[PDB]
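**Student:** Would you mind keeping the following structure in view while I ask a few things?
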Amino acid sequence: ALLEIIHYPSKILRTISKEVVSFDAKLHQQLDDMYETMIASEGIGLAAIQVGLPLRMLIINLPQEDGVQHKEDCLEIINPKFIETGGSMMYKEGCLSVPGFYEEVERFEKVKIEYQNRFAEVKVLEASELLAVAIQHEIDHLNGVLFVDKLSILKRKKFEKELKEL
Ligand SMILES: CC(=O)Oc1ccc(/C=C/C(=O)NCCc2ccccc2)cc1OC(C)=O
Ligand SMILES: [Co+2]
């Protein structure tokens, strides 16, 4: 089922999500609803709090060569934790909870994370570029952080201008 997407400046997006402890049918349905919700709004990443669920889980489904998304490559990361991070790069980001606004944010160009899939299986994943950016962006949501929070002095002003624009 489709779930309501929470938009900035809702205080709900500042929540610190909690670890998932029961990987059951209920959790799986929330993940399915999240995927259905992300696609319907044409996003490539979505954190649980963006739909009102203060849980430490998020999904990422980057499009392939053809430019289309295949539910097969969808990553479901629960209880993530950074093992290592390195480098630095700028990436223009967007967010379903801040529709209509896109701005460059500084991110690590490489990260290694540890997490669990929907079946509680432990995984270790190394990522770079786009995938590494999505991971950092989504994980920020779990800690109540939005990418507009990480904007430089100037860009923050541009955000306010464009915000007043809508
Ligand atoms: C008007 C407009 O274009 O609004 C949108 C803005 C962003 C998005 C999607 C953003 C998104 O998936 N971000 C994932 C996290 C990420 C950040 C940077 C690089 C990789 C991954 C969708 C929109 O469409 C609707 C219908 O709300
Ligand atoms: Co986001």
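Chain labels A, B, ... are given in the sequence in which chains occur in the structure tokens; within each chain residues are numbered consecutively from 1, and ligands are likewise numbered from 1 in the order shown.
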Determine, for each residue of chain A having at least one atom at most 6 Å from an atom of ligand 2, the closest pair of atoms and their separation in Å to one decimal, counting only C-alpha atoms and all ligand atoms; order by chain and ascending number, as a tab-separated table.

**Tutor:**
residue	atom	partner	partner_atom_place_in_ligand_line	distance
A:95	CA	ligand 2	1 (Co)	4.1
A:96	CA	ligand 2	1 (Co)	5.8
A:138	CA	ligand 2	1 (Co)	5.7

**Student:** Based on the selection just made, write N, CA and C atoms of those residues as a PDB file, in the first residue's frame.

**Tutor:**
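Final output, again-v4.pdb:
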ATOM      1  N   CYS A  95      15.766  14.950  -2.451  1.00  0.00           N
ATOM      2  CA  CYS A  95      15.126  14.136  -1.412  1.00  0.00           C
ATOM      3  C   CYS A  95      13.598  14.198  -1.516  1.00  0.00           C
ATOM      4  N   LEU A  96      12.946  13.045  -1.357  1.00  0.00           N
ATOM      5  CA  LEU A  96      11.488  12.962  -1.415  1.00  0.00           C
ATOM      6  C   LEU A  96      10.835  13.792  -0.312  1.00  0.00           C
ATOM      7  N   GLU A 138      20.744   8.412   3.112  1.00  0.00           N
ATOM      8  CA  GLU A 138      19.705   7.669   3.811  1.00  0.00           C
ATOM      9  C   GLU A 138      20.018   7.462   5.290  1.00  0.00           C
TER      10      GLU A 138
END

**Student:** Excluding residue A:24 and any residue of its chain fewer than 6 positions from it, enumerate the residues within 12 Å of it, using only C-alpha atoms, and give them as a PyMOL selection string.

**Tutor:** chain A and resi 30-31+117-120

**Student:** Hey, can you spit out that residue selection with N, CA and C atoms as a compact mmCIF listing (two decimals), in the first residue's frame?

**Tutor:**
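File produced: part.txt:
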# COMPACT_ATOMS: atom_id res chain seq x y z
N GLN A 30 6.17 -3.52 5.73
CA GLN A 30 6.54 -2.11 5.82
C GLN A 30 7.57 -1.82 4.73
N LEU A 31 8.50 -2.75 4.53
CA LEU A 31 9.52 -2.60 3.51
C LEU A 31 8.89 -2.61 2.12
N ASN A 117 19.87 -7.73 6.27
CA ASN A 117 18.81 -7.70 5.28
C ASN A 117 17.50 -7.99 6.01
N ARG A 118 16.40 -8.10 5.27
CA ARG A 118 15.11 -8.34 5.91
C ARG A 118 15.02 -9.67 6.64
N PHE A 119 15.96 -10.58 6.37
CA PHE A 119 15.94 -11.88 7.03
C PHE A 119 16.94 -11.91 8.18
N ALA A 120 17.36 -10.72 8.62
CA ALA A 120 18.30 -10.58 9.72
C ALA A 120 19.73 -11.03 9.38

**Student:** To one decimal place in Å, what is the distance between atom CA of residue A:134 and atom CA of residue A:12?

**Tutor:**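 A separation of 20.6 Å between them.
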
**Student:** Pick out each residue of stretch 12-166 of chain A that DSSP on the backbone tags as strand (DSSP E or B); I need them as a PyMOL selection string.

**Tutor:** chain A and resi 18+45-47+55+57-60+75-86+89-93+103-107+110-116+122-128

**Student:** How far is it from atom CA of residue A:82 to atom 4 (O, counted along the ligand's line) of ligand 1, in Å with one decimal?

**Tutor:**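 Separating atom CA of residue A:82 from atom 4 (O, counted along the ligand's line) of ligand 1 is a distance of 28.7 Å.
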
**Student:** For residue A:45, list every protein, DNA or RNA residue within 8 Å, evaluated using only C-alpha atoms, and leave out those in the same chain fewer than 5 positions away; present the list as a list in words.

**Tutor:**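 Counting only C-alpha atoms, the residues come to residues 38, 58, 59, 60, 61, 62, 134 and 138 of chain A.
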
**Student:** Write the selection just made, keeping C-alpha atoms, as a tab-separated table (two decimals), in the first residue's frame?

**Tutor:**
chain	number	residue	atom	x	y	z
A	38	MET	CA	9.36	5.23	-3.28
A	58	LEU	CA	16.17	2.24	4.46
A	59	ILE	CA	15.95	1.17	0.84
A	60	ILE	CA	18.02	2.15	-2.17
A	61	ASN	CA	17.36	1.14	-5.78
A	62	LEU	CA	19.61	2.88	-8.27
A	134	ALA	CA	22.74	7.37	-1.26
A	138	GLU	CA	19.70	7.67	3.81

**Student:** Could you pull out the residues sitting within 6 Å of ligand 1, using only C-alpha atoms and all ligand atoms, and write them as a compact mmCIF listing (two decimals) with C-alpha atoms, in the first residue's frame?

**Tutor:**
# COMPACT_ATOMS: atom_id res chain seq x y z
CA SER A 41 7.06 9.08 -6.16
CA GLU A 42 9.97 8.24 -8.46
CA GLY A 43 12.69 8.25 -5.83
CA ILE A 44 15.80 6.12 -5.62
CA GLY A 45 16.18 6.11 -1.84
CA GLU A 93 21.41 15.77 -3.91
CA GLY A 94 17.62 15.63 -3.90
CA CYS A 95 15.13 14.14 -1.41
CA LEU A 96 11.49 12.96 -1.41
CA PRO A 99 10.70 17.93 -3.15
CA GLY A 100 11.72 20.54 -5.69
CA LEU A 130 26.37 7.42 -6.28
CA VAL A 133 26.18 8.98 -1.53
CA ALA A 134 22.74 7.37 -1.26
CA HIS A 137 22.13 10.37 2.71
